[PDB]
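Written out below as structure tokens is the structure these notes cover.
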Protein chains: 2
Amino acid sequence: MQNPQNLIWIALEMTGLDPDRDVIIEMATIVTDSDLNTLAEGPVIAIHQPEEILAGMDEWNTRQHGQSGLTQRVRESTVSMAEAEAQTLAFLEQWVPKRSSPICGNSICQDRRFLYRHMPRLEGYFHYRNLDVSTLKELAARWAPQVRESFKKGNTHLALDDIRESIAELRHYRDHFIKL
Amino acid sequence: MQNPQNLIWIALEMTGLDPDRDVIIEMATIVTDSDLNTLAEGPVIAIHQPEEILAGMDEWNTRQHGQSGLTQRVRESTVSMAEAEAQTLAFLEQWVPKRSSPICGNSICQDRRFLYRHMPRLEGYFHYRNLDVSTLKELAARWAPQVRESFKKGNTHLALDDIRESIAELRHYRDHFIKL
Ligand SMILES: Nc1nc2c(ncn2[C@@H]2O[C@H](COP(=O)(O)O)[C@@H](O)[C@H]2O)c(=O)[nH]1
């Protein structure tokens, strides 16, 4: 089912936002076609982390992941960082060829930073380009403010709705901000 | 002079692709207004690096920076990374207030990472938003290919020419790819 036009959408949770101090604890992927139609949904993987890493999280993160249950899921997981990377790679490979899709989503420079340090082979499977929806949001804010203020932010507390809300944010801009 | 909706455009040259292992050897900036009108061109600075750093560059960067003149300009530079940062901030300070502008250019996630590592005072001067022209390049190649070819890009290896082309690539999308 491969197709170099298909897009790889990704969302990550981390113990914090610094790739040197922090680690990935959840990953999720969704492959669309070039026109934002879902082809398939990757695994949502909580990635095992030892207790020292888990206790080493700052205050805001310790609360947010604990109350979400991600901490407990991460504590129980038998899937390592490398194993999750391979699981996501095994899935992405039947839909998108190597170095074809950019990373798609929101705030995905930070995602590329973490993939670079912690999953270098998955980072390498993307085209080096970034499809970041917030570029369009930033342009809409300046040049067509009504299109951005008209977007209906969804719930996104779970990883696949999070990605789907980003895909729907691109749709909104394709429909109301992009002459085609 | 200052105006919080002015945009800071930046292009770097590096010794390699790792923002943490490699270094910055050239930088330039251009300030436009929020409608892509060039307000001012910042200085083009070659940054001195020890000879070992230049000899250690891979094959592509040895070729490319050798034949552009940059390798020789690096060797002959007496401007350290920090002085190039202070010189660029001195210019940008006249045109954009602190934290107002995103970082604008092509694949500027790579640029921000190098700045974050090597020029964190300059990185901190940008709004946290990334204004990535190549996000639109990928959307245009997928949703309206013949506006992606309407755009004439001279293979411009002078730093300011690379930036002016980036500003012109976004102009071409505001006109032919975006509805306002
Ligand atoms: N190793 C390597 N680096 C590249 C390549 N293309 C661009 N770069 C890096 O990108 C920098 C310039 O960014 P650009 O303007 O090409 O986005 C160069 O200084 C170099 O470090 C490449 O094909 N191989």
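Below, chains carry the letters A, B, ... as their sequence lines are ordered, and counting in each starts from 1. For ligands, and for the atoms within them, numbers begin at 1 and follow the listed sequence.
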Practice item. Count the heavy atoms belonging to other residues, nucleotides or ligands that lie under 6.0 Å from NZ of B:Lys179, then report whether that count exceeds 12. Key: no

Review point. Would you find more than 12 non-hydrogen atoms of other residues, nucleotides or ligands less than 6.0 Å from A:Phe151 atom CZ?
Key: yes

Practice item. In plain terms, say whether A:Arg75 and A:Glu51 are close enough for a salt bridge, that is, a side-chain N and a carboxylate O under 4.0 Å apart. Key: yes

Practice item. May I ask you to decide whether B:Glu169 forms a salt bridge with B:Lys137, counting only side-chain N to carboxylate O separations under 4.0 Å? Key: yes

Within a distance of under 4.0 Å, is there any protein heavy atom near [atom]?
| atom | value |
| --- | --- |
| atom 19 (O) of ligand 1 | yes |
| atom 10 (O) of ligand 1 | no |
| atom 16 (O) of ligand 1 | no |
| atom 3 (N) of ligand 1 | yes |

Revision key, fill the gap. The remaining residues in the hydrophobic cluster of B:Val74, counting side-chain heavy-atom contacts under 4.5 Å among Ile, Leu, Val, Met, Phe, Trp and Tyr, are B:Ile25, B:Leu54, B:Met57, B:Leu70

Check your understanding: What atoms of ligand 1 come closer than 4.0 angstrom to any heavy atom of B:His65?
Key -> 19 (O)

Taking non-hydrogen atoms only, is [X] closer than 4.0 angstrom to ligand 1 via side chain, backbone, both or neither?
| X | value |
| --- | --- |
| B:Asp162 | side chain |
| B:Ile25 | neither |
| B:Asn61 | side chain |

Practice item. If you have a sec, work out which protein heavy atom is nearest atom 5 (C) of ligand 1 and how many Å separate them, to one decimal? Key: B:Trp60 CZ3, 3.4 Å

Exercise for review: If you have a sec, work out which protein heavy atom is nearest atom 13 (O) of ligand 1 and how many Å separate them, to one decimal?
Suggested key: B:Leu12 O, 4.0 Å

Review point. To the nearest 0.5 Å, what is the distance between CZ (B:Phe126) and CZ (B:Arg112)?
Key: 7.0 Å

